[PDB]
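Each of two forms of one protein chain follows alone as C-alpha cells, named structure 1 and structure 2.
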Structure 1
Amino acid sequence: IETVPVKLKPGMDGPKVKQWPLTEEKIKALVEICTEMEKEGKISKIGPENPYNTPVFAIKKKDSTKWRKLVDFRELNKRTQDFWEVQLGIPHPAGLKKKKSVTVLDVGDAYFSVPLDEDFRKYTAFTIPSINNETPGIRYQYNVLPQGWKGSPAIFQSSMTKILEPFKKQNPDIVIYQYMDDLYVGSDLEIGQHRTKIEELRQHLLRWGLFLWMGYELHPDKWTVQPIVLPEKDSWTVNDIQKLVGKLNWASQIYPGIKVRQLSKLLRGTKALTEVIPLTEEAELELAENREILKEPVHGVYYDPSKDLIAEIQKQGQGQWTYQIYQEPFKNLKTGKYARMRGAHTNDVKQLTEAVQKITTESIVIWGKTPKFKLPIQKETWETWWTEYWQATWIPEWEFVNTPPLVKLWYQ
C-alpha cells in the first residue's frame, strides 16, 4: 500500500528514446491492451510536460495467440540507480544450472499489484504511435511496477519471498531463481512429478492472489558443451593437413602446448591440394599429443561478476548455428550449437533471433545475467526484422560484425 522511493543515477535525466515504426496489428493490440490497463489504473494519460519516452511494441509468447505488450526499458534500466535491496544482493544459485529440469514461469502480472513511486512515474512514459503519424500518439505512464523494468523485481522481491515461503519450506530440494518477469524453478524430479509440482506452484501463486498458465521446460543436464575435435582419417590430402594446421594454430591461442611443426613439415614443397600425403611418425605423434591437450579444459577460466558476458554467434549453414559465451578472449565459459527448426526453415533472421533468445535464457540460468551479443548480421536488417520473432519478456544488448571471421569453420 506504500511506495518505495526510487531515483535515477546521479547526473542522469530520464530516458528519451524514439518510438520505432509499428505495424497496424501491433498498434491495435497495444491500444486495446492499454485501454484496459488504464481502466484498471495500471497506466495513466500524460501531458506535453513529460519529455521522456521509452519504446513499446507487441509480441506473442511461446505457443500462444494472445498479444502481449513489451516495453524496451534497456535505456531506463541502465539509467536507473543500481538497486540493492535488503538482500545486499542475491548470490545466483549455482544449483539451478545443475538441476535435471528447469521450468520458466511468467510472474509478470504480480508486479501490477504494487504501486510505483510518484516522482519516478514520469520516467516510465511511453507512446502508442499512429500509422503515418496522422493523429497524435497516445501517451501513457505507469502507476505501478512496470514489466521489464530493473526496479520491479528488486522492489517486489520482499513480497515474492514470503509468497514463496510455504512452497520452498515444503519442497527444500527445488531451486528457485527470479530474473525480471521470469521465475525459474528447477529440480531433479521426473517430468510428470515436475509438471505437477509446477501446477501446484502456479495454483499456490494464484491463491496468493496473482498469463501464469504458461511454462517453459529446459534441461541444463542435457545442455550442449563443445570440446575442440580434430579429424580422424586414414588418408590426408595437402588440403586436409593445411586446414588441420590452421585449426591447431588457432587452438594454440587457447591451449599452450599445441605444436604444428612436424605436421607443417609435411606441407613443405609445392604439391597438388588434393594429393594424398602420408603421415610421418613424428607428425602422427604430434597430432596425438595435440588431441591429448585438446581433451583437457582451458587453463585459468573463471567467471568474474564485475565484467560483461560476451556472446558470439556464427551461421554455419543448413539451419545450424554455433555460439560462444566468454568474458576474456580465448577463455570460453560456454560454447554450443543449434540445429533448431521451429517455423524457421527459410528465414535466417528468425533463426538468429530464436538463437539469441535461447542463449540469453541459458546465460540467465547459468550466471544470472544477459550477455552482450555480437551478431553476424547487418545493423539495418536486424533492426528491421528482430521484433517480429521476439517471444521473450527481456531484451539483451547487441552489436554487429561486418567482417567475416576466419574462425567460423573451426567451430564446425
Structure 2
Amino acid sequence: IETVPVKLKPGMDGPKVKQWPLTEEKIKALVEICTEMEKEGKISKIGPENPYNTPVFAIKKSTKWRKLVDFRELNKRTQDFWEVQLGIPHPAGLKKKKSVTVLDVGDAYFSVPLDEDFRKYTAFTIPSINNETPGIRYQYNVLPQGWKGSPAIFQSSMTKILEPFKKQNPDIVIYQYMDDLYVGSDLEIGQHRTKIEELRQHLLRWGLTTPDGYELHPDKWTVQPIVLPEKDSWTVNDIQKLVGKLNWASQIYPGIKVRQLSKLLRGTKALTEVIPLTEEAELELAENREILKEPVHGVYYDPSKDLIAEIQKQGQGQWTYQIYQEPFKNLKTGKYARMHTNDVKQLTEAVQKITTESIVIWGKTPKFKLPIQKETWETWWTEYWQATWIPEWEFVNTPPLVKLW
C-alpha cells in the first residue's frame, strides 16, 4: 500500500513527446485496452493542466493486441537517478548458460501503486483520426510497464516471490531487465522447458500472470572474425581489395603488414592482370591471416559509457553488426540470416536480436545507428516489433564504403 516516492533528476521537466499518428485498427485496440485498464484503476483520465505526454503504440506478438508505451524520454530523466538509488545487479553467468528463456512479467507491476506526485509524468494520449476529436488522455496510477523505474521498485517483492523456486533450483540463473525475466539453465531442453512451466506456475500461485525472443542459446553465440579471401590466382584488383581490407583491419588489429603485398602492385598495371604472389608477400598474407584468426583482446566493457550498435545491410537477407563503446574496439560482432521479405521487417528483427544479446551479455541496451530513412522507420517499425522494450536509435544516411563485414 505504501508508495515509493519517485523524483525526477533535478533541473529536468517531465517528458513532452508528440504522439505519432496511428492506424484505425491500432487506435481501436488502444481504446479497448485503456477502457478496461481505466475500469481496473490502473490508469485514469487527466485534464489539460497536465502538459506532459509520452508516445503509445499497439503491437501484436498473440492475435490479441497489446499496448506498448515508449517511456524512453521518461527513463532518460528518471531511471538514471533511479538506477543508482535502486539498481539491479547483472550476472555474468547468464551469457554462460546453455539455454535462456525470456518471460513477460509486466503484469507484476500493476499491483504496486505509483507515487502520486509522479503520476502526471506518465501521461499518454490515444490519438484521433483526421483530428475529428481531441486525444483521449490518461496517466498511470500503478507502476508503468515500460518505465525503468518499475522493476527497480518491484525488485524487493520480485526477490521474495522467486526465493522458493531459487532454493529448489540453485543452478538456474534469473535476471530481470525491465518487464522481462531472463531464466538461464544448463538442463536438457525438455527439462529446461519443464522447469520454465514450474516457474510460471510458481509466479501464478503468487499472483504474477505471464502470457501463454524466447529459447535463446547464449553458449552457441560466437563472434564474426575477419576473413581474407583465399584464391589460387590474384588479379591486380584482387590484391588492391586485399590491401584495402588489410589496411582497414589495421585499426582494429595491431600488427597488420601491407608492405610486401603493396609491392606486388608496384607500377601502373591493368586490373584484370593476374599477379603471381611473391614468396615474401605470401608470408605477409599468412602472417596477417593468423593475426586475424586469434580473437581480439584488450576490450573491456565500461558500464559508465554507452553501448552503440551499427548495422550494415548485405544482400540475400544478410545483415552484419558491431557493438562497441569506443570506435575501433568492438565488444561483439555478428551476422544474421533472414529466411524478399521487407527490408524493414528484417531490420527490426535484427535490432531486436541485438538488443536481446546485449541485455543477456551486459544488462544494457545499445544505441542503434539504423541504415534507413527516419520516416520509413518511424512509420513501419511498429508493424513488426514484438519486444516489451524499445532501444535508442539514430539514423545514418551515409553509406559505409567498406562492407567488409
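Rigid core here is just the name for the largest C-alpha set that superposes within 1.5 Å across the two forms. Numbers follow structure 1, counted from its first residue as 1.
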Subject >> Rigid-core fit between structure 1 and structure 2, the member of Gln81, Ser113, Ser158, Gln193 whose C-alpha shifts 2 angstroms or more >> reply: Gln81
Original post:
Rigid core fitted, is the C-alpha displacement of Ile90 between structure 1 and structure 2 2 Å or more?
Top reply: yes
Subject >> Threshold 2 Å Cα movement between structure 1 and structure 2 at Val298, rigid core reference >> reply: yes
Original post:
What is the C-alpha shift for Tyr323 between structure 1 and structure 2, rigid core superposed, to one decimal in Å?
Top reply: 0.3
**OP:** Just grab the Cα shift of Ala272 between structure 1 and structure 2 for me, core aligned, in angstrom.
**Re:** 2.3
